[PDB]
Structure formats: structure tokens, C-alpha cells
Amino acid sequence: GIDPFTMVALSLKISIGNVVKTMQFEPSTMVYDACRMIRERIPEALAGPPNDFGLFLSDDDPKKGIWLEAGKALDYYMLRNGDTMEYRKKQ
């Protein structure tokens with residue numbers, strides 16, 4: 001794939017374990033595609049199976065954080081430039 005930055009791009013802070021990387025995603029980018037972007041830009045995403053991990057929308061409270069569905073898009077989850085999302089393992 002290719003590193004996104006086209007026009008208005010959703011710059012989210014991707015947390016993988018302890019690695020927080022500000023990543024620029026396209027608004028219409030699907031969650032499985034955003035994962036495709038991290039795995040390629042940050043190697044730590046490849047710490048396990050792709051469906052075993054996932055995108056976790058980070059809020060101010062841990063219980064407000066939700067798991068982004070692969071079949072949905074980033075914009076769909078009200079994601080913005082400056083938000084934090086932790087690409088981490090499910091369960």
C-alpha cells in the first residue's frame with residue numbers, strides 16, 4: 001500500500017503497545033485498510049495475526065474505547081486529526 005496524506009487526512013495517534021505514532025489516514029479508509037497501513041508503516045503491528053489484533057478507538061476513559069470493525073471506515077467512527085487509536089491485540 002501507500003502512506004496516506006491526500007488533502008484532508010485524519011491524523012491519528014496510533015498506539016502499539018508503548019509506541020505512539022502519529023499516522024495520517026484517508027477519511028474513507030476502511031478499518032482493515034487502516035490496519036494494512038500500520039502493518040506496512042510500523043512493523044510492530046505484525047506482532048501477531050491480523051484478525052487477532054485490531055483497531056481500538058481510544059477515548060479519555062478506557063471503557064469508552066471501542067473496537068473498530070474492519071468493514072467500517074475511519075470517518076464512520078467519528079475519527080479526527082488528533083485522536084488516539086491503539087492498534088492492539090483483541091482479547
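What follows is calculated from the coordinates using simple rules that are stated; it is not laboratory data. Using ideal geometry, Cβ is built from the backbone for each residue, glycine included, and neighbour counts are taken over all protein chains shown.
Return, ordered by residue number, the residues of the range 32-61 whose backbone nitrogen is under 18 Å from a label point located 7 Å along Cα→Cβ of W67.
Those under the cut-off are 32-36, 45-59.
Give, in nm to one decimal, the length gained when the segment between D60 and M7 is fully stretched (0.36 nm per residue of separation minus the Cα-Cα distance).
16.3 nm
Arrange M78, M23, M85 by Cβ neighbour counts within 10 Å, fewest through most, would you?
Numbers: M78 8, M23 21, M85 24.
Arranged by neighbour count, lowest to highest, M78, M23, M85 become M78, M23, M85.
Relative contact order for the chain: what is it in percent, counting Cα pairs under 8 Å that are at least 6 residues apart?
39
Quick check for me: using +1 on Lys/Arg Cβ and -1 on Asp/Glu Cβ, what's the dipole size of the range 1-45 about its Cα centre, in debye to the nearest 20?
Computed charge dipole of the range 1-45: roughly 120 debye.
In the chain, if every C-alpha pair distance is counted and binned at 10 Å from zero, what percent goes to each bin?
Answer for the chain: a P(r) of 18, 58, 23, 1 percent.
Counting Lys and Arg as +1 and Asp and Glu as -1, each charge on the Cβ, what is the dipole of the chain about the Cα centre in debye, to the nearest 20?
160
So for the chain, taking the charge dipole from beta-carbon charges (+1 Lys/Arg, -1 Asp/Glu), which of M37, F53, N81 sits furthest toward the positive end?
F53
Would you kindly state how much longer the chain becomes between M78 and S28 on full extension, computed as 0.36 nm times their sequence separation minus their alpha carbon distance, in nm to one decimal?
Numbers: separation 50, 0.36 × 50 = 18.00 nm, distance 1.15 nm.
Length difference between fully extended and current span is 16.9 nm.
Report the full-extension gain for the segment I42 to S15: residue separation times 0.36 nm, less the Cα-Cα distance, to one decimal in nm.
8.7 nm
Order of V19, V8, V31 from fewest to most other C-beta atoms within 10 Å? Intermediate values should be presented prior to the final figure.
Details: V19 12, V8 8, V31 23.
Going from least to most buried by this count: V8, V19, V31.
Hey, in the GNM for the chain with a 10 angstrom Cα cutoff, which one of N81, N51, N18 fluctuates hardest?
Among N81, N51, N18, the largest GNM mean-square fluctuation belongs to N18.
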